[PDB]
$ cat model-v3.tsv   # TSV, N, CA and C atoms
chain	number	residue	atom	x	y	z
A	381	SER	N	0.84	-1.21	0.00
A	381	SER	CA	0.00	0.00	0.00
A	381	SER	C	0.87	1.25	0.00
A	382	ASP	N	0.33	2.39	-0.45
A	382	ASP	CA	1.06	3.66	-0.62
A	382	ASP	C	0.08	4.85	-0.49
A	383	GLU	N	-0.98	4.68	0.31
A	383	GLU	CA	-2.13	5.57	0.42
A	383	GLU	C	-2.48	5.80	1.90
A	384	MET	N	-2.88	7.04	2.24
A	384	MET	CA	-2.90	7.59	3.61
A	384	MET	C	-1.51	7.68	4.29
A	385	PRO	N	-1.32	8.57	5.29
A	385	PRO	CA	-0.09	8.63	6.07
A	385	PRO	C	0.01	7.50	7.11
A	386	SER	N	1.24	7.05	7.38
A	386	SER	CA	1.59	6.02	8.38
A	386	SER	C	1.50	6.48	9.85
A	387	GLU	N	0.47	7.26	10.18
A	387	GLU	CA	0.01	7.53	11.55
A	387	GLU	C	-1.50	7.80	11.53
A	388	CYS	N	-2.24	7.07	12.37
A	388	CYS	CA	-3.65	7.28	12.70
A	388	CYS	C	-3.83	7.29	14.22
A	389	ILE	N	-5.00	7.73	14.71
A	389	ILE	CA	-5.13	8.17	16.09
A	389	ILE	C	-5.00	6.99	17.05
A	390	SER	N	-4.38	7.23	18.21
A	390	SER	CA	-4.33	6.25	19.28
A	390	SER	C	-5.59	6.30	20.13
A	391	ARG	N	-5.97	5.16	20.72
A	391	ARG	CA	-7.17	5.07	21.56
A	391	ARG	C	-7.09	6.02	22.75
A	392	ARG	N	-5.92	6.14	23.40
A	392	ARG	CA	-5.69	7.08	24.51
A	392	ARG	C	-5.86	8.56	24.14
A	393	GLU	N	-5.59	8.96	22.89
A	393	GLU	CA	-5.88	10.30	22.36
A	393	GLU	C	-7.34	10.48	21.94
A	394	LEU	N	-7.93	9.50	21.24
A	394	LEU	CA	-9.34	9.50	20.88
A	394	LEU	C	-10.26	9.56	22.12
A	395	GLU	N	-9.98	8.75	23.14
A	395	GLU	CA	-10.74	8.71	24.40
A	395	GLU	C	-10.76	10.03	25.19
A	396	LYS	N	-9.80	10.93	24.97
A	396	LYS	CA	-9.82	12.30	25.53
A	396	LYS	C	-11.00	13.12	25.01
A	397	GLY	N	-11.40	12.89	23.76
A	397	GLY	CA	-12.54	13.54	23.11
A	397	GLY	C	-13.70	12.56	22.96
A	398	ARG	N	-14.51	12.41	24.00
A	398	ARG	CA	-15.61	11.44	24.02
A	398	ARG	C	-16.62	11.81	25.11
A	399	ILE	N	-17.88	11.42	24.92
A	399	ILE	CA	-18.95	11.59	25.91
A	399	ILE	C	-19.70	10.29	26.20
A	400	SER	N	-20.22	10.19	27.42
A	400	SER	CA	-21.26	9.24	27.82
A	400	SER	C	-22.65	9.67	27.34
A	401	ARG	N	-23.62	8.75	27.40
A	401	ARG	CA	-25.06	9.05	27.22
A	401	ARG	C	-25.59	10.09	28.21
A	402	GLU	N	-24.94	10.23	29.35
A	402	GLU	CA	-25.32	11.13	30.45
A	402	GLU	C	-25.06	12.61	30.09
A	403	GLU	N	-23.97	12.89	29.37
A	403	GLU	CA	-23.74	14.19	28.73
A	403	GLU	C	-24.52	14.29	27.41
A	404	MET	N	-24.63	13.21	26.65
A	404	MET	CA	-25.28	13.23	25.33
A	404	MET	C	-26.74	13.69	25.41
A	405	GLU	N	-27.53	13.14	26.34
A	405	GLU	CA	-28.93	13.56	26.54
A	405	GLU	C	-29.05	14.89	27.33
A	406	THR	N	-27.93	15.63	27.47
A	406	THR	CA	-27.80	16.99	28.02
A	406	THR	C	-27.34	18.05	27.00
A	407	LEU	N	-26.51	17.65	26.03
A	407	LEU	CA	-25.90	18.50	25.01
A	407	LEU	C	-26.91	18.90	23.92
A	408	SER	N	-26.94	20.18	23.56
A	408	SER	CA	-27.76	20.71	22.46
A	408	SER	C	-27.33	20.13	21.10
A	409	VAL	N	-26.04	19.83	20.92
A	409	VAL	CA	-25.52	19.12	19.73
A	409	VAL	C	-25.98	17.66	19.60
A	410	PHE	N	-26.53	17.06	20.66
A	410	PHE	CA	-27.09	15.70	20.68
A	410	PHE	C	-28.62	15.54	20.73
A	411	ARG	N	-29.38	16.64	20.58
A	411	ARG	CA	-30.82	16.75	20.89
A	411	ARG	C	-31.78	15.74	20.24
A	412	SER	N	-31.33	15.05	19.20
A	412	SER	CA	-32.14	14.11	18.41
A	412	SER	C	-31.34	12.92	17.85
A	413	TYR	N	-30.12	12.68	18.33
A	413	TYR	CA	-29.12	11.84	17.66
A	413	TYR	C	-28.55	10.82	18.66
A	414	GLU	N	-28.50	9.55	18.27
A	414	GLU	CA	-28.17	8.41	19.14
A	414	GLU	C	-27.35	7.30	18.42
A	415	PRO	N	-26.25	6.79	19.02
A	415	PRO	CA	-25.40	5.73	18.47
A	415	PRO	C	-25.91	4.29	18.73
A	416	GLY	N	-25.14	3.30	18.26
A	416	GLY	CA	-25.24	1.88	18.65
A	416	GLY	C	-26.05	0.96	17.72
A	417	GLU	N	-26.78	1.50	16.75
A	417	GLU	CA	-27.51	0.71	15.74
A	417	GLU	C	-26.57	-0.03	14.75
A	418	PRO	N	-26.99	-1.19	14.21
A	418	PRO	CA	-26.21	-1.95	13.23
A	418	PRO	C	-26.22	-1.29	11.85
A	419	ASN	N	-25.05	-0.83	11.40
A	419	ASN	CA	-24.79	-0.38	10.03
A	419	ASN	C	-23.26	-0.41	9.81
A	420	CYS	N	-22.79	-0.79	8.62
A	420	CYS	CA	-21.39	-0.68	8.22
A	420	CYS	C	-20.99	0.75	7.82
A	421	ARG	N	-21.97	1.64	7.61
A	421	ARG	CA	-21.75	3.06	7.32
A	421	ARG	C	-22.12	3.89	8.54
A	422	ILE	N	-21.34	4.93	8.81
A	422	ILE	CA	-21.60	5.94	9.84
A	422	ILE	C	-21.53	7.33	9.21
A	423	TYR	N	-22.14	8.32	9.86
A	423	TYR	CA	-22.09	9.71	9.40
A	423	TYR	C	-21.94	10.57	10.66
A	424	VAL	N	-21.47	11.80	10.45
A	424	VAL	CA	-21.09	12.75	11.50
A	424	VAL	C	-21.66	14.14	11.23
A	425	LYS	N	-22.19	14.82	12.25
A	425	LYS	CA	-22.50	16.26	12.21
A	425	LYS	C	-21.56	17.02	13.16
A	426	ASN	N	-21.50	18.35	13.05
A	426	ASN	CA	-20.67	19.22	13.87
A	426	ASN	C	-19.15	19.01	13.67
A	427	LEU	N	-18.73	18.72	12.43
A	427	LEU	CA	-17.31	18.84	12.06
A	427	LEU	C	-16.90	20.33	12.02
A	428	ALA	N	-15.61	20.59	12.25
A	428	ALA	CA	-15.03	21.93	12.17
A	428	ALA	C	-15.10	22.54	10.76
A	429	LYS	N	-15.23	23.87	10.65
A	429	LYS	CA	-14.85	24.59	9.42
A	429	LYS	C	-13.35	24.43	9.12
A	430	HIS	N	-12.53	24.35	10.16
A	430	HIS	CA	-11.07	24.20	10.12
A	430	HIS	C	-10.56	22.91	9.44
A	431	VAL	N	-11.43	21.94	9.12
A	431	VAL	CA	-11.07	20.60	8.65
A	431	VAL	C	-11.62	20.21	7.27
A	432	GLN	N	-10.95	19.27	6.60
A	432	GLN	CA	-11.37	18.66	5.34
A	432	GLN	C	-11.57	17.14	5.49
A	433	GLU	N	-12.29	16.50	4.57
A	433	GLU	CA	-12.45	15.04	4.52
A	433	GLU	C	-11.11	14.29	4.48
A	434	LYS	N	-10.09	14.85	3.80
A	434	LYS	CA	-8.71	14.32	3.76
A	434	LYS	C	-7.99	14.32	5.12
A	435	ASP	N	-8.48	15.06	6.11
A	435	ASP	CA	-8.04	15.03	7.51
A	435	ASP	C	-8.80	14.05	8.44
A	436	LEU	N	-10.10	13.82	8.18
A	436	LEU	CA	-10.92	12.87	8.96
A	436	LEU	C	-10.44	11.42	8.82
A	437	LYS	N	-9.68	11.12	7.75
A	437	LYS	CA	-8.95	9.86	7.56
A	437	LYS	C	-8.12	9.46	8.79
A	438	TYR	N	-7.55	10.43	9.51
A	438	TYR	CA	-6.66	10.19	10.67
A	438	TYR	C	-7.31	9.37	11.80
A	439	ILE	N	-8.62	9.58	12.03
A	439	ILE	CA	-9.37	8.88	13.08
A	439	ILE	C	-10.14	7.71	12.49
A	440	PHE	N	-11.00	7.98	11.52
A	440	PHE	CA	-11.83	6.94	10.90
A	440	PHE	C	-11.11	5.79	10.18
A	441	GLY	N	-9.92	6.05	9.62
A	441	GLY	CA	-9.05	5.02	9.03
A	441	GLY	C	-8.26	4.18	10.05
A	442	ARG	N	-8.31	4.52	11.35
A	442	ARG	CA	-7.75	3.70	12.46
A	442	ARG	C	-8.35	2.28	12.46
A	443	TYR	N	-9.62	2.17	12.08
A	443	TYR	CA	-10.41	0.93	12.07
A	443	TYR	C	-10.32	0.14	10.75
A	444	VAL	N	-9.41	0.54	9.86
A	444	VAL	CA	-9.18	-0.06	8.54
A	444	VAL	C	-7.74	-0.55	8.44
A	445	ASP	N	-7.54	-1.87	8.35
A	445	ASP	CA	-6.23	-2.48	8.11
A	445	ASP	C	-5.64	-2.21	6.71
A	446	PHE	N	-5.05	-1.03	6.49
A	446	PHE	CA	-4.49	-0.58	5.20
A	446	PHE	C	-3.46	-1.47	4.49
A	447	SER	N	-2.82	-2.41	5.18
A	447	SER	CA	-1.97	-3.44	4.53
A	447	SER	C	-2.79	-4.49	3.76
A	448	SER	N	-4.11	-4.53	3.96
A	448	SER	CA	-5.06	-5.43	3.28
A	448	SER	C	-6.06	-4.66	2.41
A	449	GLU	N	-6.03	-4.88	1.09
A	449	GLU	CA	-6.84	-4.10	0.13
A	449	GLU	C	-8.35	-4.20	0.41
A	450	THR	N	-8.84	-5.41	0.71
A	450	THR	CA	-10.25	-5.70	1.01
A	450	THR	C	-10.90	-4.90	2.15
A	451	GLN	N	-10.08	-4.24	2.97
A	451	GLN	CA	-10.55	-3.37	4.05
A	451	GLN	C	-10.77	-1.94	3.51
A	452	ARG	N	-9.68	-1.33	3.02
A	452	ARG	CA	-9.63	0.08	2.59
A	452	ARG	C	-10.43	0.37	1.32
A	453	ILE	N	-10.61	-0.64	0.47
A	453	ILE	CA	-11.51	-0.61	-0.69
A	453	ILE	C	-12.95	-0.22	-0.30
A	454	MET	N	-13.42	-0.66	0.87
A	454	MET	CA	-14.79	-0.40	1.37
A	454	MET	C	-14.88	0.89	2.20
A	455	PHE	N	-13.74	1.55	2.43
A	455	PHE	CA	-13.57	2.81	3.15
A	455	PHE	C	-13.40	4.06	2.28
A	456	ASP	N	-14.10	5.15	2.60
A	456	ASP	CA	-13.97	6.47	1.95
A	456	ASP	C	-14.70	7.51	2.83
A	457	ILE	N	-14.33	8.79	2.72
A	457	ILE	CA	-14.95	9.90	3.44
A	457	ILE	C	-15.29	11.04	2.47
A	458	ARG	N	-16.49	11.62	2.58
A	458	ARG	CA	-16.81	12.96	2.05
A	458	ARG	C	-17.28	13.87	3.18
A	459	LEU	N	-16.74	15.09	3.25
A	459	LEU	CA	-17.23	16.18	4.10
A	459	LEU	C	-18.01	17.19	3.26
A	460	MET	N	-19.17	17.57	3.77
A	460	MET	CA	-20.01	18.65	3.26
A	460	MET	C	-19.44	20.02	3.66
A	461	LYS	N	-18.60	20.61	2.81
A	461	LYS	CA	-17.88	21.86	3.09
A	461	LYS	C	-18.74	23.11	3.19
A	462	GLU	N	-19.94	23.16	2.59
A	462	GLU	CA	-20.78	24.36	2.57
A	462	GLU	C	-22.29	24.10	2.40
A	463	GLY	N	-23.09	25.16	2.48
A	463	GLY	CA	-24.56	25.14	2.40
A	463	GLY	C	-25.26	24.91	3.74
A	464	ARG	N	-26.58	24.65	3.70
A	464	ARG	CA	-27.43	24.44	4.89
A	464	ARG	C	-27.15	23.12	5.65
A	465	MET	N	-26.14	22.38	5.20
A	465	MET	CA	-25.63	21.11	5.75
A	465	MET	C	-24.10	21.12	5.96
A	466	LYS	N	-23.48	22.31	6.04
A	466	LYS	CA	-22.03	22.49	6.29
A	466	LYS	C	-21.56	21.73	7.54
A	467	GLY	N	-20.39	21.09	7.48
A	467	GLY	CA	-19.80	20.40	8.62
A	467	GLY	C	-20.53	19.10	8.95
A	468	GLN	N	-21.06	18.45	7.91
A	468	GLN	CA	-21.52	17.06	7.95
A	468	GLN	C	-20.56	16.15	7.17
A	469	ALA	N	-20.51	14.85	7.48
A	469	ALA	CA	-19.64	13.88	6.80
A	469	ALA	C	-20.25	12.48	6.74
A	470	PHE	N	-19.94	11.73	5.69
A	470	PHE	CA	-20.21	10.29	5.55
A	470	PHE	C	-18.95	9.40	5.51
A	471	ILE	N	-18.97	8.26	6.20
A	471	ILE	CA	-17.88	7.26	6.26
A	471	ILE	C	-18.47	5.85	6.15
A	472	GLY	N	-18.20	5.15	5.06
A	472	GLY	CA	-18.31	3.70	5.04
A	472	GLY	C	-17.10	3.05	5.72
A	473	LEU	N	-17.32	2.06	6.58
A	473	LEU	CA	-16.28	1.22	7.19
A	473	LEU	C	-16.36	-0.21	6.61
A	474	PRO	N	-15.30	-1.03	6.75
A	474	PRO	CA	-15.27	-2.39	6.21
A	474	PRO	C	-16.17	-3.37	6.98
A	475	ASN	N	-16.68	-2.99	8.16
A	475	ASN	CA	-17.48	-3.87	9.01
A	475	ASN	C	-18.44	-3.08	9.91
A	476	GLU	N	-19.65	-3.61	10.12
A	476	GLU	CA	-20.59	-3.10	11.13
A	476	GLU	C	-20.03	-3.17	12.57
A	477	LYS	N	-19.15	-4.13	12.88
A	477	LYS	CA	-18.40	-4.17	14.16
A	477	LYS	C	-17.37	-3.05	14.29
A	478	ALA	N	-16.72	-2.67	13.19
A	478	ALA	CA	-15.81	-1.53	13.16
A	478	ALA	C	-16.59	-0.22	13.37
A	479	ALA	N	-17.79	-0.08	12.80
A	479	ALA	CA	-18.67	1.06	13.09
A	479	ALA	C	-19.18	1.05	14.54
A	480	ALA	N	-19.60	-0.10	15.08
A	480	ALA	CA	-20.02	-0.22	16.48
A	480	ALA	C	-18.94	0.27	17.45
A	481	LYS	N	-17.68	-0.12	17.19
A	481	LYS	CA	-16.49	0.30	17.92
A	481	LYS	C	-16.23	1.79	17.75
A	482	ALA	N	-16.16	2.25	16.51
A	482	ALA	CA	-15.86	3.63	16.20
A	482	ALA	C	-16.92	4.60	16.74
A	483	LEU	N	-18.20	4.19	16.84
A	483	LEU	CA	-19.25	5.00	17.48
A	483	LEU	C	-19.01	5.11	18.99
A	484	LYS	N	-18.57	4.02	19.64
A	484	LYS	CA	-18.26	3.97	21.08
A	484	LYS	C	-17.04	4.82	21.46
A	485	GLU	N	-16.15	5.10	20.50
A	485	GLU	CA	-14.86	5.76	20.72
A	485	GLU	C	-14.76	7.19	20.16
A	486	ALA	N	-15.32	7.47	18.97
A	486	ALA	CA	-15.24	8.77	18.31
A	486	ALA	C	-16.31	9.78	18.76
A	487	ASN	N	-17.39	9.32	19.40
A	487	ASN	CA	-18.56	10.16	19.64
A	487	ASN	C	-18.33	11.17	20.78
A	488	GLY	N	-18.38	12.46	20.44
A	488	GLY	CA	-17.97	13.55	21.32
A	488	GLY	C	-16.59	14.15	21.01
A	489	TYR	N	-15.90	13.69	19.95
A	489	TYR	CA	-14.50	14.05	19.73
A	489	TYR	C	-14.29	15.52	19.37
A	490	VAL	N	-13.44	16.21	20.14
A	490	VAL	CA	-13.35	17.68	20.21
A	490	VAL	C	-12.45	18.33	19.15
A	491	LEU	N	-12.63	17.89	17.91
A	491	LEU	CA	-11.82	18.27	16.75
A	491	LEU	C	-11.85	19.79	16.51
A	492	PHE	N	-10.68	20.42	16.56
A	492	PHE	CA	-10.52	21.87	16.49
A	492	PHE	C	-11.30	22.71	17.52
A	493	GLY	N	-11.68	22.07	18.63
A	493	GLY	CA	-12.55	22.61	19.68
A	493	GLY	C	-14.03	22.20	19.58
A	494	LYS	N	-14.44	21.51	18.51
A	494	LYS	CA	-15.85	21.21	18.19
A	494	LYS	C	-16.21	19.73	18.47
A	495	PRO	N	-17.21	19.42	19.32
A	495	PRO	CA	-17.58	18.03	19.66
A	495	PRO	C	-18.37	17.34	18.53
A	496	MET	N	-17.72	16.42	17.80
A	496	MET	CA	-18.30	15.69	16.67
A	496	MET	C	-19.42	14.71	17.09
A	497	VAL	N	-20.54	14.76	16.37
A	497	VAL	CA	-21.79	14.01	16.62
A	497	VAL	C	-21.85	12.75	15.73
A	498	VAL	N	-21.24	11.64	16.17
A	498	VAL	CA	-21.00	10.40	15.40
A	498	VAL	C	-22.18	9.42	15.50
A	499	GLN	N	-22.73	8.98	14.37
A	499	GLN	CA	-23.98	8.21	14.28
A	499	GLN	C	-23.93	7.10	13.22
A	500	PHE	N	-24.80	6.08	13.34
A	500	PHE	CA	-25.04	5.13	12.24
A	500	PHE	C	-25.60	5.90	11.03
A	501	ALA	N	-25.27	5.47	9.80
A	501	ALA	CA	-25.68	6.19	8.60
A	501	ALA	C	-27.21	6.32	8.48
A	502	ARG	N	-27.65	7.54	8.18
A	502	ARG	CA	-29.06	7.94	8.30
A	502	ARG	C	-29.93	7.35	7.20
A	503	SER	N	-29.48	7.43	5.95
A	503	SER	CA	-30.03	6.67	4.81
A	503	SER	C	-29.03	6.62	3.65
A	504	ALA	N	-29.01	5.48	2.96
A	504	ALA	CA	-28.26	5.24	1.73
A	504	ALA	C	-28.95	4.13	0.93
A	505	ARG	N	-28.75	4.08	-0.39
A	505	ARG	CA	-29.53	3.20	-1.29
A	505	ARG	C	-28.70	2.13	-2.04
A	506	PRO	N	-27.88	1.30	-1.36
A	506	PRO	CA	-27.30	0.09	-1.97
A	506	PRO	C	-28.38	-0.97	-2.24
A	507	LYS	N	-28.00	-2.03	-2.97
A	507	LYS	CA	-28.81	-3.23	-3.23
A	507	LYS	C	-28.72	-4.27	-2.11
A	508	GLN	N	-27.56	-4.35	-1.46
A	508	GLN	CA	-27.21	-5.41	-0.51
A	508	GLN	C	-26.20	-4.95	0.56
A	509	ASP	N	-26.35	-5.43	1.80
A	509	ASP	CA	-25.32	-5.34	2.84
A	509	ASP	C	-23.97	-6.05	2.51
A	510	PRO	N	-22.82	-5.60	3.06
A	510	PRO	CA	-21.52	-6.23	2.84
A	510	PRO	C	-21.29	-7.46	3.74
A	511	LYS	N	-20.09	-8.04	3.64
A	511	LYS	CA	-19.61	-9.22	4.38
A	511	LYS	C	-18.15	-9.08	4.81
A	512	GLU	N	-17.63	-10.05	5.55
A	512	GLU	CA	-16.21	-10.16	5.92
A	512	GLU	C	-15.33	-10.53	4.71
A	513	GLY	N	-14.21	-9.82	4.53
A	513	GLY	CA	-13.30	-10.02	3.40
A	513	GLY	C	-12.47	-11.30	3.46
A	514	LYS	N	-12.02	-11.72	4.66
A	514	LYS	CA	-11.22	-12.93	4.86
A	514	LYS	C	-12.10	-14.18	5.01
A	515	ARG	N	-12.09	-15.03	3.99
A	515	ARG	CA	-12.67	-16.39	3.92
A	515	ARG	C	-14.11	-16.49	4.45
A	516	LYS	N	-15.03	-15.78	3.78
A	516	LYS	CA	-16.49	-15.86	4.00
A	516	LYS	C	-17.22	-15.92	2.66

$ encode --input "model-v3.tsv" --output "structure tokens"
Amino acid sequence: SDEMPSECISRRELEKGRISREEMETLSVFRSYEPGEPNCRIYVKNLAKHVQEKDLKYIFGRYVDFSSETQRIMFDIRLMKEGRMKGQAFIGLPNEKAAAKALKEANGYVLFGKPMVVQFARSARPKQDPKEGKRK
């Protein structure tokens, strides 16, 4: 592989920017939004103006084994840079377990001072759900 930089976020750094349900059902940024549902895709609100989709790779690509093509092939990020939906993002992950983990760890993350609102993907129109890449 020769794609993305050879550093992604450590759990001890990610865990500094995180909330419980006890703050979540208190925060105005969480007023209608809840984690933990089964989906291989996740999406985020309240990203910084200070950031691009090419930077969100640093955290969200932590859950993708980049030495294996079958993982990173199913991974990509777009950030909504402007309009009435500015500072929103979509991320497909290689597994619904990787999304379950990443929702438990990324949710509340204080990127550029701003607490990111990490959720299961709200709607998308594929034909079929994915599977495990190694021998399934």

$ residues_around --input "model-v3.tsv" --residues "stretch 464-470 of chain A" --least-positions-apart "3" --cutoff "8 Å" --atoms "only C-alpha atoms" --output "list in words"
residues 421, 422, 423, 424, 425, 426, 427, 428, 429, 433, 457, 458, 459, 460, 461 and 501 of chain A

$ residues_around --input "model-v3.tsv" --residues "residue A:488" --least-positions-apart "6" --cutoff "5 Å" --atoms "all atoms listed in the file" --output "ChimeraX atom specification"
/A:397-399,495-496

$ closest_residue --input "model-v3.tsv" --among "A:444, A:431, A:389, A:404" --to "residue A:498" --atoms "only C-alpha atoms"
A:404

$ select_by_dssp --input "model-v3.tsv" --residues "stretch 414-489 of chain A" --states "alpha helix (DSSP H)" --output "number ranges by chain"
A: 433-440, 449-452, 476-486

$ residues_around --input "model-v3.tsv" --residues "residue A:442" --least-positions-apart "6" --cutoff "8 Å" --atoms "all atoms listed in the file" --output "JSON, numbers by chain"
{"A": [387, 388, 389, 390, 436]}

$ residues_near_point --input "model-v3.tsv" --point "(-6.7, 8.5, -0.6)" --cutoff "8 Å" --atoms "all atoms listed in the file" --output "list in words"
residues 382, 383, 384, 385, 434 and 456 of chain A

$ closest_residue --input "model-v3.tsv" --among "A:452, A:516, A:502, A:490" --to "residue A:394" --atoms "all atoms listed in the file"
A:490

$ closest_residue --input "model-v3.tsv" --among "A:499, A:447, A:487, A:406" --to "residue A:386" --atoms "only C-alpha atoms"
A:447

$ select_by_dssp --input "model-v3.tsv" --residues "chain A" --states "strand (DSSP E or B)" --output "list in words"
residues 421, 422, 423, 424, 425, 456, 457, 458, 459, 460, 468, 469, 470, 471, 472, 490, 491, 494, 495, 497, 498, 499 and 500 of chain A

$ closest_residue --input "model-v3.tsv" --among "A:450, A:381, A:509, A:439" --to "residue A:489" --atoms "only C-alpha atoms"
A:439

$ atom_distance --input "model-v3.tsv" --atom1 "atom CA of residue A:454" --atom2 "atom C of residue A:483"
18.9 Å

$ closest_residue --input "model-v3.tsv" --among "A:486, A:505, A:511, A:420" --to "residue A:473" --atoms "all atoms listed in the file"
A:420

$ decode --input "model-v3.tsv" --residues "stretch 460-501 of chain A" --atoms "C-alpha atoms" --output "mmCIF file, in the first residue's frame"
data_model
loop_
_atom_site.group_PDB
_atom_site.id
_atom_site.type_symbol
_atom_site.label_atom_id
_atom_site.label_comp_id
_atom_site.auth_asym_id
_atom_site.auth_seq_id
_atom_site.Cartn_x
_atom_site.Cartn_y
_atom_site.Cartn_z
ATOM 1 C CA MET A 460 -20.010 18.653 3.262
ATOM 2 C CA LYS A 461 -17.879 21.858 3.088
ATOM 3 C CA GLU A 462 -20.779 24.364 2.570
ATOM 4 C CA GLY A 463 -24.556 25.138 2.395
ATOM 5 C CA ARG A 464 -27.428 24.439 4.893
ATOM 6 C CA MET A 465 -25.635 21.110 5.752
ATOM 7 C CA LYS A 466 -22.030 22.495 6.291
ATOM 8 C CA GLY A 467 -19.797 20.398 8.622
ATOM 9 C CA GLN A 468 -21.521 17.064 7.947
ATOM 10 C CA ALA A 469 -19.640 13.884 6.805
ATOM 11 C CA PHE A 470 -20.207 10.285 5.551
ATOM 12 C CA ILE A 471 -17.883 7.264 6.256
ATOM 13 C CA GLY A 472 -18.314 3.695 5.041
ATOM 14 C CA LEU A 473 -16.280 1.218 7.190
ATOM 15 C CA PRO A 474 -15.269 -2.393 6.213
ATOM 16 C CA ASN A 475 -17.482 -3.874 9.006
ATOM 17 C CA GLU A 476 -20.589 -3.102 11.129
ATOM 18 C CA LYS A 477 -18.401 -4.168 14.156
ATOM 19 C CA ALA A 478 -15.815 -1.529 13.159
ATOM 20 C CA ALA A 479 -18.669 1.056 13.089
ATOM 21 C CA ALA A 480 -20.025 -0.217 16.480
ATOM 22 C CA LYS A 481 -16.493 0.302 17.922
ATOM 23 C CA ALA A 482 -15.857 3.631 16.196
ATOM 24 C CA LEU A 483 -19.248 5.000 17.477
ATOM 25 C CA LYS A 484 -18.265 3.968 21.080
ATOM 26 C CA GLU A 485 -14.859 5.763 20.719
ATOM 27 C CA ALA A 486 -15.244 8.774 18.309
ATOM 28 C CA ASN A 487 -18.558 10.156 19.639
ATOM 29 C CA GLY A 488 -17.967 13.555 21.318
ATOM 30 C CA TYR A 489 -14.498 14.049 19.734
ATOM 31 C CA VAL A 490 -13.346 17.680 20.214
ATOM 32 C CA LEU A 491 -11.818 18.273 16.748
ATOM 33 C CA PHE A 492 -10.516 21.875 16.486
ATOM 34 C CA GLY A 493 -12.553 22.614 19.679
ATOM 35 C CA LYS A 494 -15.851 21.212 18.190
ATOM 36 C CA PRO A 495 -17.576 18.032 19.658
ATOM 37 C CA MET A 496 -18.299 15.687 16.675
ATOM 38 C CA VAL A 497 -21.786 14.009 16.617
ATOM 39 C CA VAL A 498 -21.002 10.396 15.402
ATOM 40 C CA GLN A 499 -23.978 8.209 14.282
ATOM 41 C CA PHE A 500 -25.043 5.126 12.237
ATOM 42 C CA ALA A 501 -25.681 6.190 8.596
#
